[PDB]
Every structure is written in structure tokens, then in C-alpha cells.
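**Q** Compute the structure for the input listed below.
(chains A and B)
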2 protein chains.
Amino acid sequence: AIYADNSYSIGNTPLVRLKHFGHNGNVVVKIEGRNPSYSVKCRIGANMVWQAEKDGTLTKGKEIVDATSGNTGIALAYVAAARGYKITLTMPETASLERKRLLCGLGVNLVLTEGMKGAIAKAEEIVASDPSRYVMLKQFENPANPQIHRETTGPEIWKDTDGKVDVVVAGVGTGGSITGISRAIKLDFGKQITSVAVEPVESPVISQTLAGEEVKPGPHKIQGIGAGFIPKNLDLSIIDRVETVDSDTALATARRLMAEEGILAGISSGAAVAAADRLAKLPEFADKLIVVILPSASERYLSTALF
Amino acid sequence: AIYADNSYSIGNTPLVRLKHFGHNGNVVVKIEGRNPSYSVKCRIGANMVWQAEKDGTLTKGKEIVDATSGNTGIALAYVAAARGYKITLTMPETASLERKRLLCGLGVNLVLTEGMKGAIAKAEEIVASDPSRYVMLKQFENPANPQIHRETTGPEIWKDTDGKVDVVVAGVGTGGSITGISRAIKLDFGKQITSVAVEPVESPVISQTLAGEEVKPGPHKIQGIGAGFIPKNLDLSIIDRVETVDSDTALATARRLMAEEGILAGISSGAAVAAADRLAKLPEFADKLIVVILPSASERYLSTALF
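**A** Numbering: from 1, shown residues only, chains lettered A, B, ... in the order given. Below is the structure in question.
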């Protein structure tokens, strides 16, 4: 059919079988790069706006305000444009001039902070400046983030695998993908799959937490994941397994996806695939169907270490 | 289902209704940016390889060679990777270091020429160097280019509009999109639509030809269209109308698509939409459904005049 605006066009992303990873085609990847603003966040940018509309906190005239590390801001920005909201996003000077020119092209009003914690508080300052005019959508805790994955991404995986999916592998940024997907397949369709969270070995706060160890975040290059804390939108209770990956291997795996599979993957896509490949070569998973989320696409990383 | 490699995942791109163009939603856009390598050429990169395989000119071991202005090379490159062919593409130094790093990331063996005619002949030199090893696919004349549009892009438009499409607007680069689409809708489904070719006012060789005027190509900024000659893959006989657009307006229209529709459009996408908007505001088309091809996505243009 014909979508009334670009937000309604989210999802229905394809599954592709890998040939040079896993064992006898048991690893399949979900291309979230094929979305309105070209990442997995287009789904939650749409649903967080829709749900704020459904409950009246977002109205004609009110202005979206928020802080992002990038993909969510781009996603909110295209939805704000498609649906006629003004939007302000808080960015320090930390960020790719890439993104500054992209967000400005999408009509965003931007700022300065000089890292993530600093821009967040600045956004909070603005919402305080006029709480009747400004709405903050808060991706890390808004339930509409995992909800859209339970309603679209999860069911798409179920149908495209004819219920044969056994393992879902996804890096954790806000936690909404692994959480919403796991709830759809385990609770709505009733299949006891293995849900595998992926985080950087440099910042393994989820593994450290579950082990009852000292939580010690650190720096890494795997953009989009490893926020350095446990987000509210990560439902620990549905997580069966945590796999850690290092930045170097994440980047090499993404370069392999391009050059060997013809898949224009982002950095965190190589991270998720490297974890899935490790599981796929354990005999306990060799006969099981593993589905891996590839959150973003290669061209958003042209100024990064990926090239 | 699950695609055996990334080439099989082409197409099934969405239709979105425009709100700030046309008259009462009569203009709808087809997002070809949502493809394996993120342009409309992913379809012909796949089908030119498949068809060369079906007729034996492409075999295990033979190496793809060709010259491109970019999107087709990226498309062939991902298909070569997914399907295990070596590929050499001929590029002068004319081109975005963007694309050089992208094509190298995809595993391409590249060259130097120092414009388009020069790199073409260099590619021809290489195929002559070993005609048993090198295969040139020749997008401007290979019938598998319009054929894939007749088999996928055209039928997708038919079904997603429930046969209500009245006008198809598409810029002409090789001509395969407008040609294959027009043949599907007019001949296979039997509806007498208006097929509208779009070319730059700076290089209006199609209009000049059809008028019996002196053909005078020139420079412009509308990347992907206006090759400066009539390509063999443009079937003049199904073209009902030619609309010309200038570079400045093309760029402004693409910036409007981002900031006002939330659509991350390429430069030639703004060209096609500006032509469709002109038709859409003539009373003879005000009640007719117009479908516009948006060939590429915004991020491939970050180093260009688009920003």
C-alpha cells in the first residue's frame, strides 16, 4: 500500500543467510539498515512519537527535545519532519561533522556541550526552561522503545523463519531490540529460544552485573552499543546469555561482511556477527537457526575506523 | 523468507505519499534507497550478473570488469562479493574519495584515468588484455537492465497502487527504470499511463532529439542522470513526455524532501520530484495518481553540494 508519511514505512526488513560465517548456513542476518532513516532506531523514533501522541504529551506546537549519540536523533528528526514537529537535539562537539550536517539537513536545531552526560543535562536544562512547550522522549526508559520491537521486529523474525528461529543475537544500546524481540517470540508465540545480548569486552557492564562483579565501564569503538550502564529498557530477565566482543574484531568482522558477503554493515553489525559466529561453531548450536540484528549501514561510518 | 545471498534481497521498496508537494496527496514516491547497496542500481547489478550466469558468459573464475559513475559500480561490487567474483572497476581521479574508500571496502580492484569516456576506454583495454578472463556487463545497453525493472519495480508499483497509478516520473541515466517500468504497466498489465522522462535543463539531449534540434550536452550537478547522449536502454517509443529541471532546483527540492517530508533523498530524487510537482499542479493531472522514482539516499551525497 501507500504510506501516509515516512514514519509508517518502518520495518519489514529482510533476512539474508551468511555463507562465510557459522556452519552450513545456520547464521542469518536482519538488515535494519533498510529503514526510513537507515537504522534500527527508525522503528522507535516512529513509535515514541506515535505513543506520545496517543497519550497527549505530544501535541501540535510542542517541541521535541532530546540528547542522542546519533542514530536515535536522526530517527526522531525524520519523524519530526514527516509529522510537522520542531525538534532540538543536544550534541556537544564530540560528534562527526558528518552527523552535524546530516541533522541540519533534516531541519534540527542543535547546540553545544563539550560527553554524553554533559549534553543530556543541557537538554534537561531546556525542558526546564518551558515544560509546557518541550517534550523529552527518553529512549533509554520509554517503554514504547521495546514495544515497537515486540510488535514488528519480533513477529517479522517469526514469520520469515516459519517459526524455526532458535537464537536471537543483538547488541545492547538501549536494550529495546533484544527485549522486545525476546518478549514477542517467547511469550506471544511461545518458543523457548536463546536470547543473546552483545556488549564490548572493553565495557562489559552487563556480564559484570550478572556475575556480581565490580561494574567498570570503559572506552571502545563499537558505536551504538556499550553505554556503560544497565539501561532500563534492557529486561535482564529474558536474557539467556551475554557475549563480549572487542573493538578490533568488531571492525574486522564488519569489513568481512562487506568484502565477503556483499553486506554494507555498520560497526556494531560486525560485533553482533562475531558473537553469533562463536555460538554457531559450538556443537550445541550447530543444528540451530541463529538470527542476528545488523542495526546500521556502512556509509554512516565512512569517517570512522571502519575504513 | 530467507535470501540465499544479498543479491536476492533486491526490491520490494515502499511507496510514501508526499504532503508538501502535488495537490491533495496525488504525488507518491518510491524509495529505491532501501536496497542491498542502497540505490535503484542494486536491481540491475543483481540481474546483469544473474543473466550473464544464465547464458554462460559469466563463469567461476572469470573476472567482472567495468566503468561506472558510481551507483552501478557499488551495486556490481556487492553482488560480486555476495556471489564470489573478483571485480575491477575503472575510475579516474574524478570521483569522491568517499566512493574510492567505499568501493575498496567492498573489495574492488581500482585504477586511474584522469572523464567518463577516459575510464571506459581503459576498461576496454583491460578486457582486450584477456577476453577469456574478463567480462564487461555494459549497463547502458545490456537488456537485463530494463528487464529487471519490468519484472520487479513495475509490478511492485502496480500492486502497491492497486492498479490506480496514472503517471510514472523517473530521471534517465541508463533509461532502464523508465523503460522497464513503462513496459510492465502498459504492456503486461495493459494500462495507458503517462511515462515521463526527466533530464537536466543543462543537458537536455532527449528533448533536443525528440524536437529535431541540435543535441548539445553540458555540465550539471544532478548526479546519476543526464549522461549527455541517448542510451540504448532508453526505449524512446514508450516515453510520453520529457520534463527538464535545473541543478539548483534539484538540490533545493531534495533539501525540502529531508526537512519537510522526513525523506533522506539523493540529488536526482529532488530532480524527479520537482518535475512531478509541476505536472501535479496542472489541472489535467490534478486528479491523477503520480508515482516518482527516488533512486538514491542522502548520505551518499554528504560531500556534495546537497549540503
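**Q** rest of the way, CA atoms for contacts and neighbours
**A** Noted.
**Q** So residue A:37 is in contact with residue A:75, correct?
**A** Yes: Residue A:37 lies in contact with residue A:75 (C-alpha atoms under 8 Å); the separation is 5.8 Å.
**Q** The two: which is more packed in?
**A** Neighbours per residue (other C-alpha atoms under 10 Å in any protein chain shown) separate residue A:37 from residue A:75, with residue A:37 holding more: 31 against 26.
**Q** Shouldn't the more buried one be within a strand?
**A** No: the assignment for residue A:37, made by DSSP: H, G, I helix; E, B strand; the rest coil, is coil rather than a strand.
**Q** Please name the residues that touch it.
**A** A:74-75, A:78, B:263-264 (C-alpha atoms under 8 Å, 6 or more residues apart in numbering or on different chains).
**Q** swap in residue A:40?
**A** Counting by C-alpha under 8 Å, 6+ apart, residue A:40 makes contact with A:32-33, A:295-296.
**Q** Repeat that for residue A:269.
**A** Residue A:269 neighbours (C-alpha under 8 Å, 6+ apart): A:250, A:254, A:293-296.
**Q** between the residues you listed, which is closest to residue A:50?
**A** Using C-alpha to C-alpha, residue A:295 comes nearest to residue A:50 of the contacts of residue A:269, at 21.5 Å.
**Q** and that closest one, what does it touch?
**A** Residues in contact with residue A:295 (C-alpha under 8 Å, 6+ apart) are A:31-33, A:39-40, A:266, A:268-269.
**Q** Which of these fall within strands?
**A** The strands, defined by DSSP state E, take in residue A:31 from the contacts of residue A:295.
**Q** Near the spatially closest residue to residue A:60 that is not a sequence neighbour, how many other residues are there?
**A** Spatial nearest neighbour of residue A:60, excluding adjacent residues (C-alpha to C-alpha, 6 or more residues apart in numbering or on different chains): residue A:85 at 7.4 Å. Counted by other C-alpha under 10 Å, the residues lying close to residue A:85 total 19.
**Q** Does residue A:85 touch residue A:53 like I think?
**A** No: between residue A:85 and residue A:53 there is no contact, the gap being 11.5 Å when judged by C-alpha under 8 Å.
**Q** got the residue ranges for the strands in the stretch 151-300 of chain A?
**A** A:165-171, A:194-200, A:241-245, A:289-294 (DSSP state E, counting those that start in this stretch).
**Q** so which of those comes closest to chain B?
**A** Comparing these by their distance to chain B (C-alpha to the nearest C-alpha), the top pick is strand A:289-294, with 10.6 Å.
**Q** angle of that closest one against strand A:165-171?
**A** Per axes from the mean of the first three to the mean of the last three C-alpha atoms, to 10 degrees, the angle that strand A:289-294 makes with strand A:165-171 is 20 degrees.
**Q** CA atoms only: put strand A:289-294 into PDB for me.
**A** Output in PDB follows, covering the C-alpha atoms of strand A:289-294 (Å, rounded to 0.1, in the frame of the first residue of the first chain):
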ATOM      1  CA  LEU A 289      19.000 -21.400  13.400                       C
ATOM      2  CA  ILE A 290      20.600 -18.100  14.700                       C
ATOM      3  CA  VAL A 291      19.200 -14.700  13.700                       C
ATOM      4  CA  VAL A 292      21.500 -11.700  14.100                       C
ATOM      5  CA  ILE A 293      20.400  -8.000  14.200                       C
ATOM      6  CA  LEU A 294      22.500  -5.700  11.900                       C
END
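**Q** hmm, it in reach of chain B?
**A** No: applying C-alpha under 8 Å from any C-alpha of the partner chain, one finds strand A:289-294 separated from chain B by no less than 10.6 Å.
**Q** What strands flank that strand, and is each parallel or antiparallel?
**A** Paired neighbours of strand A:289-294 in the sheet (DSSP bridges): strand A:27-31 (parallel), strand A:165-171 (parallel).
**Q** The ones you listed into CSV, with extra columns for mean neighbour count?
**A** Below are the strands paired with strand A:289-294 laid out as CSV (neighbours: other C-alpha atoms under 10 Å in any protein chain shown):
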stretch, mean neighbour count
strand A:27-31, 26
strand A:165-171, 25
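**Q** Can I get these in TSV including distance to residue A:181?
**A** Shown next, in TSV, are the strands paired with strand A:289-294 (distance: least, C-alpha to C-alpha, whole Å):
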stretch	distance to residue A:181
strand A:27-31	12
strand A:165-171	8
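**Q** domain ranges for chain A?
**A** Under the assignment automatic domain parsing, the domains of chain A span A:6-39+A:143-301, A:42-136.
**Q** Need the winner for burial among those domains.
**A** For those, the largest average neighbour count (mean count of other C-alpha atoms under 10 Å in any protein chain shown) is found in domain A:6-39+A:143-301, namely a mean of 21.
**Q** how long is it end to end?
**A** End-to-end span of domain A:6-39+A:143-301 (C-alpha to C-alpha, to the nearest Å): 24 Å.
**Q** Can you give the distance of it from its chain's centre?
**A** Taking C-alpha atoms, centre = their mean, to the nearest Å, one finds domain A:6-39+A:143-301 lying 9 Å from the centre of the chain it belongs to.
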